[PDB]
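*Asks:* Here's a structure for you.
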Amino acid sequence: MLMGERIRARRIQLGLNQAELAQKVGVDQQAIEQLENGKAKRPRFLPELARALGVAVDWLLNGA
């Protein structure tokens with residue numbers, strides 16, 4: 001998969017919603033939506049979201 005599908009997948013694996021994931025990283029829901037559709041490549045928070053998700057930036061980028 002790409003990033004957008006990874007992020008959607010792991011979120012739904014976590015049973016969280018976009019706004020809830022977003023909030024617990026610190027980001028807006030909208031940043032998660034654009035990431036899902038592939039519009040944000042590397043937004044600022046990528047290591048923060050990765051850390052909050054429990055995965056690497058390399059996992060986010062590529063999908064280990």
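Ligands are numbered from 1 in the order shown, chains are lettered A, B, ... in the order of the structure tokens, and residues start at 1 in each chain.
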For the structure I just gave you, how does DSSP split chain A - specifically, which residues are alpha helix (DSSP H)? Reply as a VMD selection string.
*Replies:* chain A and resid 3 to 13 18 to 25 29 to 36 46 to 53 57 to 61
*Asks:* Just the residues within 10 Å of range 19-35 of chain A, please, counting only C-alpha atoms, with nothing from its chain fewer than 4 positions along; format it as a ChimeraX atom specification.
*Replies:* /A:3-8,11-12,14-15,39-53
*Asks:* Please save N, CA, C and O atoms of the selected residues as a short mmCIF file (atom, residue, chain, number, x, y, z; two decimals), in the first residue's frame.
*Replies:*
data_model
loop_
_atom_site.label_atom_id
_atom_site.label_comp_id
_atom_site.auth_asym_id
_atom_site.auth_seq_id
_atom_site.Cartn_x
_atom_site.Cartn_y
_atom_site.Cartn_z
N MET A 3 1.03 5.37 1.82
CA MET A 3 0.86 6.08 3.08
C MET A 3 -0.60 6.24 3.46
O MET A 3 -0.96 5.93 4.60
N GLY A 4 -1.42 6.79 2.57
CA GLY A 4 -2.81 7.07 2.87
C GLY A 4 -3.55 5.84 3.38
O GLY A 4 -4.18 5.89 4.44
N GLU A 5 -3.41 4.72 2.67
CA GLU A 5 -4.00 3.44 3.06
C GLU A 5 -3.39 2.92 4.36
O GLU A 5 -4.14 2.44 5.20
N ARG A 6 -2.07 3.06 4.57
CA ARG A 6 -1.40 2.70 5.82
C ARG A 6 -2.04 3.42 7.00
O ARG A 6 -2.36 2.82 8.02
N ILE A 7 -2.19 4.73 6.88
CA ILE A 7 -2.69 5.60 7.93
C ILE A 7 -4.14 5.23 8.22
O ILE A 7 -4.50 5.08 9.39
N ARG A 8 -4.97 5.09 7.18
CA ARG A 8 -6.35 4.65 7.36
C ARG A 8 -6.40 3.29 8.04
O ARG A 8 -7.15 3.12 8.99
N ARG A 11 -5.14 3.32 11.79
CA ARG A 11 -6.18 4.02 12.55
C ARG A 11 -7.36 3.12 12.86
O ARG A 11 -7.79 3.04 14.00
N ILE A 12 -7.90 2.48 11.83
CA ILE A 12 -9.04 1.57 11.98
C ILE A 12 -8.65 0.32 12.78
O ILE A 12 -9.45 -0.17 13.57
N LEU A 14 -6.60 0.51 15.23
CA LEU A 14 -6.64 1.17 16.53
C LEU A 14 -8.09 1.54 16.90
O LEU A 14 -8.34 2.00 18.01
N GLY A 15 -9.04 1.33 15.99
CA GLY A 15 -10.45 1.67 16.11
C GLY A 15 -10.69 3.16 16.31
O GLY A 15 -11.77 3.54 16.77
N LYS A 39 -2.61 13.56 -0.23
CA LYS A 39 -2.34 14.96 -0.53
C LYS A 39 -1.18 15.51 0.30
O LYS A 39 -0.48 16.38 -0.22
N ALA A 40 -0.98 15.08 1.55
CA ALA A 40 0.16 15.51 2.35
C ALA A 40 1.21 14.41 2.28
O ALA A 40 0.94 13.30 2.74
N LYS A 41 2.37 14.69 1.69
CA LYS A 41 3.46 13.72 1.57
C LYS A 41 4.15 13.62 2.92
O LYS A 41 3.94 12.67 3.66
N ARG A 42 4.97 14.61 3.26
CA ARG A 42 5.64 14.72 4.54
C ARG A 42 5.15 16.04 5.11
O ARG A 42 5.70 17.08 4.75
N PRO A 43 4.05 16.04 5.88
CA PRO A 43 3.70 17.19 6.69
C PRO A 43 4.65 17.25 7.88
O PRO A 43 5.34 16.27 8.20
N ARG A 44 4.65 18.38 8.59
CA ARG A 44 5.59 18.66 9.68
C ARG A 44 5.64 17.54 10.71
O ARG A 44 6.71 17.08 11.11
N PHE A 45 4.45 17.08 11.09
CA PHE A 45 4.20 16.24 12.24
C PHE A 45 4.50 14.77 11.98
O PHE A 45 4.18 13.94 12.84
N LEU A 46 5.02 14.36 10.82
CA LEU A 46 5.16 12.97 10.45
C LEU A 46 5.81 12.08 11.53
O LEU A 46 5.25 11.02 11.80
N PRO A 47 6.91 12.46 12.22
CA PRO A 47 7.45 11.67 13.33
C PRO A 47 6.54 11.66 14.55
O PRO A 47 6.53 10.68 15.29
N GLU A 48 5.78 12.72 14.78
CA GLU A 48 4.87 12.85 15.90
C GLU A 48 3.72 11.87 15.71
O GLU A 48 3.43 11.08 16.60
N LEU A 49 3.09 11.89 14.53
CA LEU A 49 2.03 10.95 14.18
C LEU A 49 2.56 9.54 14.21
O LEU A 49 1.87 8.67 14.73
N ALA A 50 3.76 9.30 13.68
CA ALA A 50 4.36 7.97 13.75
C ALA A 50 4.52 7.50 15.19
O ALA A 50 4.07 6.40 15.53
N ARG A 51 5.12 8.33 16.05
CA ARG A 51 5.30 8.04 17.46
C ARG A 51 3.95 7.74 18.11
O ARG A 51 3.80 6.69 18.73
N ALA A 52 2.96 8.61 17.93
CA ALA A 52 1.63 8.44 18.49
C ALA A 52 0.94 7.17 17.95
O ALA A 52 0.16 6.55 18.67
N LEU A 53 1.18 6.81 16.69
CA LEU A 53 0.64 5.61 16.06
C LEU A 53 1.34 4.33 16.54
O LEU A 53 0.78 3.25 16.40
#
*Asks:* So how far away is CA of residue 16 in chain A from CA of residue 38 in chain A, in Å?
*Replies:*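 Separating CA of residue 38 in chain A from CA of residue 16 in chain A is a distance of 19.2 Å.
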*Asks:* What gap, in Å, lies between CA of residue 54 in chain A and CA of residue 2 in chain A?
*Replies:* 17.6 Å
*Asks:* Skip residue 64 in chain A itself and residues of its chain fewer than 4 positions away, then list as JSON, numbers by chain all residues within 12 Å of it, counting only C-alpha atoms.
*Replies:* {"A": [1, 2, 3, 6, 55, 56, 57, 58, 59, 60]}
